[PDB]
Structure formats: structure tokens, C-alpha cells
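# Analysis of the macromolecular model
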Amino acid sequence: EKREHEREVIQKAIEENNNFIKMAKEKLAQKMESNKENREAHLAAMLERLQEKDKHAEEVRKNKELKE
Amino acid sequence: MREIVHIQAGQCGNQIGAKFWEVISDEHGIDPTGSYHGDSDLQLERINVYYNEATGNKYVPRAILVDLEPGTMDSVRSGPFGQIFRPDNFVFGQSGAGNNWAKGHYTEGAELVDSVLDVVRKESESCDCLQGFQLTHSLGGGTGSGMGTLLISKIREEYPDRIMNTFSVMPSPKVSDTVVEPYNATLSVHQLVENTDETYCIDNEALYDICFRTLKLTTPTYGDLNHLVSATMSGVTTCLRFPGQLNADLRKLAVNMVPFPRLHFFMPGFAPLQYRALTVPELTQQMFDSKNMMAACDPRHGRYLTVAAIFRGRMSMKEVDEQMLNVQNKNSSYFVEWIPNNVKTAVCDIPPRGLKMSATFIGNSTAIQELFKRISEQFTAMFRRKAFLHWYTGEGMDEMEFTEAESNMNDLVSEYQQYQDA
Ligand SMILES: Nc1nc2c(ncn2[C@@H]2O[C@H](COP(=O)(O)OP(=O)(O)O)[C@@H](O)[C@H]2O)c(=O)[nH]1
Ligand SMILES: COc1ccc([C@H]2[C@@H](C)C(=O)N2c2cc(OC)c(OC)c(OC)c2)cc1O
Ligand SMILES: [Ca+2]
Ligand SMILES: [Mg+2]
């Protein structure tokens, strides 16, 4: 009974070192994923705003042409 | 040929084990080379209890040296009698045990135990009639304590009908390495209650006090403490190492000193701690004074269940009995009456180096409960706030094993109290 308790203790220590490593690895991957997403969405929205301003500058040149 | 296999583990275990071998090797006339140059055969008649013979007829300790890091054993090796030991008999890891019982018992120590059992098996198998085993260790660290107890379990499994004996150094705040010492000792005592037949409780509190309030050493080193331990260990093993009117062996000792299987924790005593030899009456008074005890319990707080005492040197056997009998019949409040003739006395002619008279005492007293209380109180002061426990849960232990170890120590205390009052 005692040997089997010995086995249990040490397998538990391995299991815990492992679950800790695993958890860390996952936590990192989720945060880096969410990070890239968010950053990209900010740049995309910026570029979208700029591009609307380009389109608007067509409708201002195209519209000066329509006074003739 | 009633051989004993000696094992020493951890820093404390190897430091005092080494001194031990220094002392007895000198008493048996062996030099640092394993070569005999003594003048009697009283030195050689039972030399085989502790020493194996060599090819050139040299003597080599039946000793196994164990540690989870190499430092101390490098020191042992480079010390005075370092080369006497069988080099195959040094068994060690590299990583240490961090004053952590769990690492010695369950993780780091588990990885080394089998190689130790291999050297053990190699030493047992060439024994004409092996008596049992003797382990030197402390209970407050990680290796001697965790791994030492693990070892005792394995040895009991492989040699269930041999005697297991320990010299166990108990921690004290006075002379302390780390705060987790009570945890490690409470876990270790629990093993010792189930798996030893005889344990000599060597309290570091007492050794400090004898060193400070008596030897007048103002800053006592571990060498000072180990010098007392060395003397006590030599005295306590005199009757095994030497021929007398008694044939002493470990099993007979256990039978005559242990009336209840769990109460096998002994308080040792020594006298003296000098050109004037002591007289028999002084030996007798000193030995039984609390100040000559090495466990830091006062024997007047409890009762003696049993006592074994030797006197070393050439003296008056008649005066011994007179004095022995006298100190009983002056202090009958402190011996049990329901165990007739519970104090036994012997004499060896060979004294130890540097004394012409000495006396050593082995007492099974209920006053030893004081020691276990001291540890329990300290354990509980931390455990009630689960302080410091992460060091052990991180090696796989649960609080449960703690709660149980606590419980079994308090039961031990209750048991000693029950017999102090019978
Ligand atoms: N009397 C004595 N006690 C010691 C000695 N070395 C360490 N200790 C005590 O032993 C405990 C620490 O255990 P230690 O042997 O150093 O750890 P280990 O290597 O893990 O077995 C503490 O209670 C120290 O006070 C020694 O040489 N003599
Ligand atoms: C009653 O108590 C006794 C206690 C000890 C002994 C003997 C025998 C069991 C033996 O071995 N004893 C022993 C061993 C001793 O060391 C191994 C010893 O002192 C060192 C000692 O001092 C009287 C006695 C005989 C007894 O009757
Ligand atoms: Ca390892
Ligand atoms: Mg240490």
C-alpha cells in the first residue's frame, strides 16, 4: 500500500508540472491570437477610413466636372 | 557472527557517522589505512560486528554512505579517516533535497534508493549472521530524514526479520537551518514509530546547552555538538563491540528495553563531558542529572520504563552496584514499579580515549514526550496557516498526509502520558 502511495505522489508531481506547462502554453497562444486579431482590426479600420476619404475626393472632382 | 550494517545519510548523518567511525576505529586500534596496530585482543574479538576483513587482512567498515548531493561526502573522504571506507560504498546524487522531506522520500530520493539497496544487499549477503542495521541521520533536513525513512521502509521490506536501529538527530530552533524542520521531523517520526525497533533521540537543543552551560563553549560549532554525539554513540555501542559477561546484541537489547512496540525512543546520557578521573559516585550522579542527557527532556517530568547503563574503565563493580542501587533507592519517584528490575548495569575495562572512567546511559523515559510536544507545537503553529506547505505540495504531497503525521505524533504523546500515570 505504501509503494503504491509513493507512485501516486510522484506521478501527481509530474502531472502537475505538466498541467502547468500545458496551461501556460495555451494561455500564451490564446493571448497572441487575440492580439494579432485586434491589432489587425485596428489597422484595417484605419485603412478603411482613409479609403473612404479617397472615394470622397473622387465625388468632389467628378462633381466639379458636373458644373459645365 | 552478528554483523551490523551501518548506514549514514545526509549532511548530519554523514558528519556524525564519520566522527563515529573515527572514535571506534581508534578504540579498536585501526589506523586511517585500515591496518591494525593495537595491543590487545579485546580489540579484535568482536571487531567483526562493525568491520569486514581485507585481502591483506585489513579492516574495512561495514558502512554505506548516502547523500543526494556530494559535498559532505567529498569532505568525509578528504577527512582524517576518509580512506578507510569502501569506495563502492559511497552512493550519491547531484541535485540535493533542499531541506525538503518530500524530495528525499518521494522524488529525488526515490531515484537513488535502489542503488543504495544494491550496496546494502552486497553487504548483507556476505554476513555470517546479520543482526540488523544502524542508521545515522537527522530528521530536520531532507536527505537523512525523507530519504532515510524511505530507506528504512525498503530495508524492512527486504529484511523484515532483522533489527532496525537509528541515531536520530532532532531539530531545535536554537540550532536551526530552516523553518520547515518541524514539518520534516513530524513526517519522519511517524515513519520511525512504525519502522524501527530502537531509536536514540539526539536533540540538538540539549547538545547546544551542554556545550554552552557546561562545557563553557560560548560559540558551539557543529563539531562541538558532534563530539558529544560521538562519545554517546561510542558508549551506547560498547557492549556490542566488546566481549563481556553479557553477550549484547540488538535484538536482546530491543526485547529488554521496549515493553510496548511504539515506545522505543531512547534518551541517551553521558558522563563526564581533565586529569582527575571521576569516581563511581560522580559518574552515577552526573549520568542521571538532566544536564548529562542528550534529548532535552527532564527525567523528573516523567518516569523511567527501562534503563541500561555501562561504566567504562577499571573500577569497583561493587561500588557501581552500590551507587546504582543507591540512586534508584533515592529517586523511586522516577522509576516504574510495575517492571521489576528495570535498571541494568554493566562494566567494560577498556575506557575511551582520554578518560579513565566514563559512563553511558540509555533510558526509555516517558519524559521523551516533551520532545514530541515541542515538535508538535511548532508543526501546528505553521500548519494551522498552511505556511510553507507549497514546497511539499509541489512534490506531490497532500495536506492529508500532514494531518495524519500530526495525529500519529499526538497519539504517541498520549501513549507516553498514559504510562507515566500507571
Ligand atoms: N548535531 C548535528 N546536527 C546537524 C549537523 N548537520 C546538520 N544538522 C541538523 O540537521 C538538520 C538539517 O539536516 P541536514 O542533515 O543538514 O539535511 P540533509 O542533507 O537533507 O539530510 C538541522 O536540524 C540541523 O540543525 C551536524 O553535523 N550535527
Ligand atoms: C533490564 O534492562 C536490561 C537492559 C539491557 C540489558 C543488556 C542486554 C539486553 C544487552 O545487550 N544490554 C545492554 C546493551 C548495552 O549496549 C548495547 C548496554 O550499554 C551500552 C547495556 O548497559 C547495561 C546493556 C539487559 C537488561 O536486563
Ligand atoms: Ca531528478
Ligand atoms: Mg544542512
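Criteria and thresholds
Along each chain, residues carry numbers from 1 upward in sequence order, and these need not match the entry's numbering; residues missing coordinates do not appear. Chain letters start at A and ligand numbers start at 1, both assigned in the order the entries are written. Any value mentioned applies to the visible chains, which represent part of a larger assembly rather than the whole. Side-chain figures throughout are based on the complete set of non-hydrogen atoms in the structure, without hydrogens or water. Residues with missing side-chain atoms are left out of burial classes, side-chain pairs and their counts. Any residue under 20% of the maximum accessible area for its type is buried, any over 50% is exposed, and the rest in between are partly exposed; the area is computed with a 1.4 Å probe on protein chains only. Labels follow the DSSP assignment, with helices taken as runs of H or I lasting at least four residues and strands as runs of E lasting at least two, numbered in each case from the N terminus. In what follows, residue pairs with any heavy atoms lying within 4.5 Å of each other are defined as contacts. Here a polar contact means two N or O atoms within 3.5 Å. Within protein one must be a hydrogen donor candidate and the other an acceptor candidate, and residues neighboring in sequence count only if both atoms are side-chain atoms. Working definition: residue near molecule or strand if any one of its non-hydrogen atoms lies within 4 Å of it. Computed with the Shrake-Rupley method and a 1.4 Å probe, the accessible areas treat only the protein chains shown as cover for residues. Under this grouping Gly is polar, as are all residues other than the nonpolar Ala, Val, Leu, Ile, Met, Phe, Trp, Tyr, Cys and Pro and the charged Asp, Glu, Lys and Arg. Residue ranges assigned to the domains are those given by an automatic or database domain assignment. The term buried area refers to how much accessible surface (probe radius 1.4 Å) is lost by two components on association, counted for both of them together. One speaks of a salt bridge when a side-chain nitrogen belonging to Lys or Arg is within 4 Å of a carboxyl oxygen belonging to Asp or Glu.

Looking at the method and resolution fields of the entry, one finds X-ray crystallography and 2.48 Å.

### Considering helix α7 (residues 204–212) of chain B
All names here are of chain B. The buried count for α7 comes to seven of nine residues, which makes it a mostly enclosed element. Buried within α7 are the following residues: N204, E205, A206, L207, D209, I210 and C211. Close packing links the buried residues of α7 with β7 (163–170), β8 (198–203), α8 (222–236) and α13 (369–383). For α7, the N-terminal cap is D203; the gap from its side-chain oxygen to the backbone nitrogen of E205 is 2.5 Å.

### Things to note about the site of ligand 2
Residue and element names in this part refer to chain B. With respect to spatial proximity, 18 residues lie near ligand 2, and among them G235, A248, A309, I310 and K344 are the closest. Contacts to ligand 2 include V236, whose backbone N or O atom sits 3.4 Å from an oxygen atom. For ligand 2, the accessible surface in isolation is 570 Å², of which the surrounding protein chains cover 92%. Secondary-structure elements contributing two or more residues to the shell around ligand 2 are α8, α9 (238–241), α10 (250–257), β10 (304–312) and β11 (343–348).

### Comments concerning the site of ligand 1
Residue and element names in this part refer to chain B. Looking at ligand 1, there are 17 residues lining it, with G142, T143, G144, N204 and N226 nearest. Separating an oxygen atom of ligand 1 from a backbone N or O atom of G141 is a distance of 3.3 Å. The backbone of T143 places a nitrogen or oxygen atom 2.7 Å from an oxygen atom of ligand 1. For ligand 1, the protein covers 96% of the area, taking 570 Å² as the surface of the free molecule. The element best represented in the shell around ligand 1 is helix α1 (residues 10–27), accounting for four residues. Its residues placed into classes, the shell around ligand 1 shows five nonpolar, 10 polar and two charged.

### Concerning the domain arrangement of chain B
Residues and elements named next belong to chain B. If you check the domain split of chain B, you get domain 1 (1–259), domain 2 (260–367) and domain 3 (368–422). Just the C-alpha atoms count here: the centres of domain 1 and domain 3 sit 25 Å apart. Of the residues lining the interface, 26 residues belong to domain 1; the matching set on domain 3 comes to 24 residues. Between domain 1 and domain 3, roughly 2,200 Å² of surface is buried when both sides are summed, and carbon and sulfur atoms account for 69% of that area. Three residues, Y183, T186 and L187, lead the burial of domain 1 against domain 3; their summed loss comes to 30% of the area buried on that side. Two residues, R374 and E205, come together in a salt bridge whose shortest N-O distance is 3.7 Å. Elements that contribute at least two residues to the side of domain 1 that touches domain 3 include exactly α3 (101–105), α6 (181–195) and β8. Examining the composition of the side of domain 1 that touches domain 3, we find that 10 residues originate from one element, α6, more than from any other. Looking at the side of domain 1 that touches domain 3 residue by residue, the classes come out as 15 nonpolar, seven polar and four charged.

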